[PDB]
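A.B. asks: Would you mind keeping the following structure in view while I ask a few things?
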Amino acid sequence: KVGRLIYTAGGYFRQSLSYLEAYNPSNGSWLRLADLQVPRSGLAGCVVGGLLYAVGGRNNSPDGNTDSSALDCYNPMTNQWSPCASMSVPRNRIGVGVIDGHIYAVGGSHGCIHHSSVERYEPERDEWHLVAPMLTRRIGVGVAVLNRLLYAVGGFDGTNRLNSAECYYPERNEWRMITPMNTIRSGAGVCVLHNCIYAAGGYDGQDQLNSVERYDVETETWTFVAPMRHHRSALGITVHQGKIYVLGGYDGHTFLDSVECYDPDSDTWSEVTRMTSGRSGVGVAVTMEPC
Ligand SMILES: COc1ccc(S(=O)(=O)NCc2cccc([C@@H](NC(=O)c3cccc4c3-c3ccccc3C4=O)C(=O)O)c2)cc1
């Protein structure tokens, strides 16, 4: 369990960013690591087999704006990024989840189109294949995995921001709606902690949110927990040692550098560190510290 860091990749502040930085909760330190080959905001991060993957996004630059179909792999032992097989389609404002060593890429945008499509990556074959599409087109969608089921929560379908959510059952290659959240959320942070899917922050169409709600998969209900100290949309999120960490985002005024930490036992959020600069639209995941 020891020696794991919270990695933040990419993001946006004035333009899409190439940063890869890693935070050590045990000592409060940040390390700046190898830049992404291509700056990207609106991407997702995940880890399989100790390797960090950066998936999708968009390069917003002064010289153009290009949605990304890329999958890039970072090896902490070498501090190097390597390209992996690209997805079938560019996916900005993507969500990803990992089931049994496979990466699922969910939704996202390409230009004006809002995807319902979903595809699955096999690291052992370096191949992607499409699986069943969601019941709803979703960009800015939160994705998490609990009990080897994939959840897609909230987002924006091209016309409305969504409180709806749905679950993918891999053995049937089928999506089913679940109870909708109490709040419309696009660009929330979605993660799993114990037996619940948490949806933190986001944008409801009017304001960035500090509220946080959790879906208990046994009871099929969404319940609010303590709100974050900051309203935030387009935040990064991960879980580490039984606590939720939220990173950055936008509060309606400022690109946040705040990192907050939720303790489920006390139902409290605390400020734990600040990123080296404020940013939104990051990918986040946890893996071994680099060499
Ligand atoms: C060209 O500039 C960029 C490019 C990329 C990014 S990004 O990579 O962070 N992706 C943004 C995002 C992902 C997911 C969801 C949302 C939701 N929008 C809001 O919260 C929102 C609403 C009104 C004004 C603003 C925002 C907002 C959000 C973040 C930073 C600044 C702002 C505003 O100034 C939603 O549209 O539902 C946005 C950020 C800026």
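One is the number of the first residue shown, and numbering goes on along the chain from there.
Per deposition record, X-ray crystallography, 1.4 Å.
Cβ from N, Cα, C; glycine included.
Look at Swiss-Prot and you will find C112 tagged as S-cGMP-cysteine, backed by experimental evidence. Residues or ranges marked as S-(2-succinyl)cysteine in Swiss-Prot (evidence: experimental evidence): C291. Per Swiss-Prot, the feature repeat 'Kelch 1' maps to 5-50. Annotation source Swiss-Prot lists repeat 'Kelch 2' at 51-101. Residues annotated as repeat 'Kelch 3' in Swiss-Prot: 102-148. Annotation comment: Swiss-Prot describes 149-195 as repeat 'Kelch 4'. Taken from Swiss-Prot, the feature repeat 'Kelch 5' covers 197-242. Summarising the annotation, Swiss-Prot assigns repeat 'Kelch 6' to 243-289. What Swiss-Prot records for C112 is site 'Sensor for electrophilic agents', and it gives experimental evidence as the kind of evidence.
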A.B. asks: Any chance the repeat 'Kelch 6' (243-289) and the repeat 'Kelch 3' (102-148) are in contact, meaning at least three CB pairs closer than 8 A with a sequence separation of 6+?
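C.D. replies: By the criterion, they do not touch.
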A.B. asks: Sequence gap of 6 or more, Cβ distance under 8 Å, 3 or more pairs: do the repeat 'Kelch 5' (197-242) and the repeat 'Kelch 2' (51-101) meet that?
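C.D. replies: Between the repeat 'Kelch 5' (197-242) and the repeat 'Kelch 2' (51-101), contact is absent.
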A.B. asks: With every protein chain in view, how many other Cβ atoms are within 10 Å of the Cβ of the residue listed as 'S-(2-succinyl)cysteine'?
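C.D. replies: Looking across every protein chain shown, the total is 8.
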A.B. asks: Quick one: Cα separation, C291 (S-(2-succinyl)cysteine) versus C112 (S-cGMP-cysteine), in Å?
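C.D. replies: Here the two Cα atoms are 42 Å apart.
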A.B. asks: If you count Cβ atoms within 10 Å of the Cβ of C112 (S-cGMP-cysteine), leaving out that atom itself, what do you get?
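C.D. replies: Total other Cβ atoms inside 10 Å, all chains included: 6.
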A.B. asks: Three states by DSSP: which one describes the residue listed as 'S-cGMP-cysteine'?
C.D. replies: coil
A.B. asks: Go ahead and report the DSSP secondary structure tallies for the repeat 'Kelch 6' (243-289): helix first, then strand, then coil.
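C.D. replies: Reading the DSSP string over the repeat 'Kelch 6' (243-289) gives 0 helix, 27 strand, 20 coil.
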